[PDB]
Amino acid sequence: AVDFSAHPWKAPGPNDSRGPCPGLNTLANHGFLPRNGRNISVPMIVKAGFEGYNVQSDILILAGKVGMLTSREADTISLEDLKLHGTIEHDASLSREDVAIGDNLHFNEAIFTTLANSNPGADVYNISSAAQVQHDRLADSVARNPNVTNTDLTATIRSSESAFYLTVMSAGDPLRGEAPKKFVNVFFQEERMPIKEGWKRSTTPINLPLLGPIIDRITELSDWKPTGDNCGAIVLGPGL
């Protein structure tokens, strides 16, 4: 079918567009998406997500078209466009800072420490660990960011993203909702598929039916509460 030896990892160059998403960045770093990270359409994301991760079109079409809002182009984005705050990009990221008090675009090792330290005693991250991380990340934003946005919508996106790293970077069936720390850490830290370390694309399709109960369970265990107005309104386009 598809050859991963034909999709080598290469570090992004100075003019390669990268965004706040390790999922799409990794695909770009492997040429599943254009290495320059530009002129990326939803069909390209669908194909790239399938080929790279076995993530199905249901979630990628839905998230894809929302992400398209971040650009000024008709049907494409640069990966960096996705940093636009309040479309998808949200406070209390796993590996980026809140835009009001820092860089919401680039990987940040200090931020990532909370996740990297989660689930002490196991060699995997799992649903309970992901939930604790989300709780701790949100508490941090509430403590240090007086403009924190925390809504039903941001909470759901956050849980989705956790479900993604648990499933896409899994060793076993993605259903189990657990992934080796060695895989997940390479994914975030280097935005690389950890092939060397033993990772293989899931042979189980990762789609909304599979992700949905993982997402809800992460949310449930995270002891989440809304902030302020709880308005789930998205930013519809740049420079508004």
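Counting begins at 1, following the sequence as shown. Definition used throughout: the rigid core is the maximal C-alpha set that superposes within 1.5 Å between two forms.
Once the rigid core is used to overlay the structures in 8 other deposited structures of this protein, the stretch among 20 to 28 and 226 to 234 whose CA atoms lie farther from this form is 226 to 234.
Averaged over their C-alpha atoms, the temperature factors of 21 to 29 and 6 to 14 are higher for 6 to 14. When the C-alpha B-factors of 174 to 182 and 54 to 62 are averaged, 174 to 182 comes out higher. Highest CA B-factor among the listed residues (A143, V133, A163, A74): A143. Ranking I195, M44, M68, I214 by Cα temperature factor from the entry places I195 first. Among the modelled residues of its chain, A1 has a C-alpha B-factor that falls in the highest third according to the deposited record. Annotation for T219: CA B-factor lies in the lowest third of the chain's modelled residues. In this PDB entry, the Cα temperature factor of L240 sits in the top third of its chain's modelled residues, the highest group. Among the modelled residues of the chain, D98 sits in the lowest third by CA temperature factor in this PDB entry. In this PDB entry, the Cα temperature factor of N117 sits in the top third of its chain's modelled residues, the highest group.
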